[PDB]
Each structure stands twice: as C-alpha cells, then as structure tokens.
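One chain comes next, on its own, written out as structure tokens in the form deposited in one PDB entry.
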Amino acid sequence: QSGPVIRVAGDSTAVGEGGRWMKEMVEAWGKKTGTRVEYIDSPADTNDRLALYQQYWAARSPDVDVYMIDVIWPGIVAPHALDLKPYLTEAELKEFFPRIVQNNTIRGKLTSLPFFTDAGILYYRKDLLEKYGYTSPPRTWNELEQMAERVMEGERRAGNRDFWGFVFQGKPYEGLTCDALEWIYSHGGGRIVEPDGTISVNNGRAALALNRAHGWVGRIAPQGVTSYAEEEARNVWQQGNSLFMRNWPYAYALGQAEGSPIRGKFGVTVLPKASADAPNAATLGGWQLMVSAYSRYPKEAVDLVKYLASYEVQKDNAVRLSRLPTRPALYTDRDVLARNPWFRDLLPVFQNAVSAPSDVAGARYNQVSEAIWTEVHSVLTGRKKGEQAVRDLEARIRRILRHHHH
C-alpha cells in the first residue's frame, strides 16, 4: 500500500519466540491502523544489540522508528529517545509499575514505555526431585549442589551421557553480569556498585560467591557453560538434560509447548541463597519501547508503542510467551493466572528483584558491565580466584567511574 513505513527493531528471532511474536504484533498494529510496517531483526545478546543500535543512533538514522530497549539502557540511550511524557496522561502512565517508569525516566525525559519485566528464577525438574527422594527445591546453594551431585550420579548411571545438574549463563556477555549479581547478592556480597556509588564488590562474600560458581564448572554444570547464553542453557534443560536451570520466565512457556520433552515435569522458584539470612536474589531485567529521536514519523511511532504496551498485547505476551507484564492489573487477570499460576506465587520475588548498577553507572553502564562479566568469567574459566577477581574488578570499576557522578 502507501503512506509512512514504520520500521521496528526489537527482540531477536534467535531467542525463543520473542522475535517472531514481536513481528506478529507489529504486523497486527499495521493491519489494524492501515499502516505499512517492517521488522528489523537483531542479534541474540543484548550487548550486541546495543552496539548494532548505536550504529543507527550515531548516524541519526531515520531507518528505524521504534526500538525495544533493555532496562539497563535508558541512561545510555536517552539522547536518542523521543520524550514520551507529553504523549501520555498521568492516568495512562500510572497503569505501569512506578519503579519501571522511574527507571525509564532520565533527567525528566520518559525515554520509553515499560513493555515486559524480567527476573532471574530457578527452574527445577520435579519428576527428578521426586525420583531421588527430595520434596522441595533447594533453598541454599549448598542444597542445590548436593541435589545436583546425587541426581547426576544416578542419571549418568542410568545411561544419560548428556545429563547435568545445573545450567546457567556463563558466556562473557551481559547475561553473565545478571547471573553474577544474583550469586554475589545471594551470598550477602552486595550489589557490585551500590546505588550510592560505593564500589563494594571487593569483599569476602562476593569472592566466595564467585569461587562457588567456579566450582560448578565441569562438575555439576557442563564445561561448556562458560560459552552459554540464555538459549544454550535453555536447550540443555529443554531436552531433559539438566536438573536445574537459572533463566528468565520466557523459558516456562517454551518448556510447556507440545513436543517439549519436559512438558509437565518442572516448576519454578526463587534462586537459592547462601544462608537463611542472606537476601533473595533475582536480577531485574526487562524491555521498554522507545520512539527514535530520529524517526520521521513520531506520531505514528508513538501510536505503535502505546499499542504494544497495551493491556491486551501484554496479556498475549504473558499467556503465550510467559513474559512478565509491566501492568499490575494483569497479575490479577483470571486468564493470565490460570495459564501462569506461578506469576502469583513469585510476584514478591519479581517485586524485590535486584537491579544491576545501571542507574548509578548511567551512560557508562556498558563499560562497567563488561568489566564485571570479564572478571567473573575469569573465575569461571579457572584463570583467577574470586579474591583476586573482586580486587581486580574493584580497580577496573574505579577507573571507569572516576569522575562520574549520578
């Protein structure tokens, strides 16, 4: 047909159904409104997407109108965002969780609408826990290790060469920062960089957390876990070859799909922690919808963003893709809850999720994060002990944030 073509970059066809579903939603809006649309695909890992989208932004490119942006990005991407505040009433904006709207608001600019939230959780094979005499998923990291060693011994003995105790995201990329924040915080080691700016990571609890994680590699987790992102972990788990997995909510719907080897065989719960008085750790993730400051079609782009962020599209995301709404009203919707009962069970885990240090690092967050995941990876690979790594990380972050004030 004719008129503007509204072009969207967001999510990836390389991560679950997200890219496919996103294209479907954008096509549905185009059909509803009689507007031409195009979907531009992205790489799997968030930090690779940031670099791709930065090419467009540095160019002031009009070739993408709407970007799906990570929770950790507002402080970096704000100059490239159209301020959405004038386009939403106060009532419309209050329909989203205020913490996420606050996150997305930089120096008063509403950079982006909340789309879906995210929190790290523990996936567990309930069939296998029952087989090996366990009644509850593990609450402590020591329990997780003990269960993993026992179930692995038994499943290996029964003939499954492919079977592991635990998979997670050990690749050097942003997902490892997420995993590592959960390890450190759940050992009482802090937030790596505190909201006040204190770089706190050089402490014995953070070091222990990293040594613990090294101890999994090649033992209860595959040697190759040091190259796993979300999907590599998910594919071991989904084939039936891991007792436990750390991952985000999206993996639940995919594991329940017809033809999944593990359909009906798993539950989810909060990640374990070092001891009963440590805090629960679930890293806060999630994605927002930004209209490009370079879009030639801001009114149409805003209309698309409000549609994607609407109740019925977020509902579809919850029901079909098990991704977490940013609208509190959806957590009381009968159909969302009947499909995903665990959304009610773990709502307090999602509410108490711990943010990575993107607010305090602001536009330097991707540099801080790269330091984190590289130093953590050096522990996972055995290159360094946790004590040295947290000392080296402290020094790196001090250099990166020197002269930065939030």
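Residue numbers here begin at 1 and follow the sequence given.
One more form of this protein should be noted, the form deposited in another entry, which is absent from this view; the next part is about it.
**Student:** Tell me whether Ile372 and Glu232 share a rigid part, where the two parts are defined by the motion between this form and the one not shown and each C-alpha goes to the better-fitting superposition.
**Tutor:** Both residues go with the same rigid part.
**Student:** Tell me whether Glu95 and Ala353 end up closer or farther apart in the other entry, going by their C-alpha atoms; the shift is 3 Å or more.
**Tutor:** Closer together, by at least 3 Å.
**Student:** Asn47 and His377: their C-alpha distance differs by 3 angstroms or more in the other entry. Do they come closer or move farther apart compared with the shown form?
**Tutor:** Compared with the form shown here, the C-alpha atoms of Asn47 and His377 sit farther apart in the other entry, by 3 Å or more.
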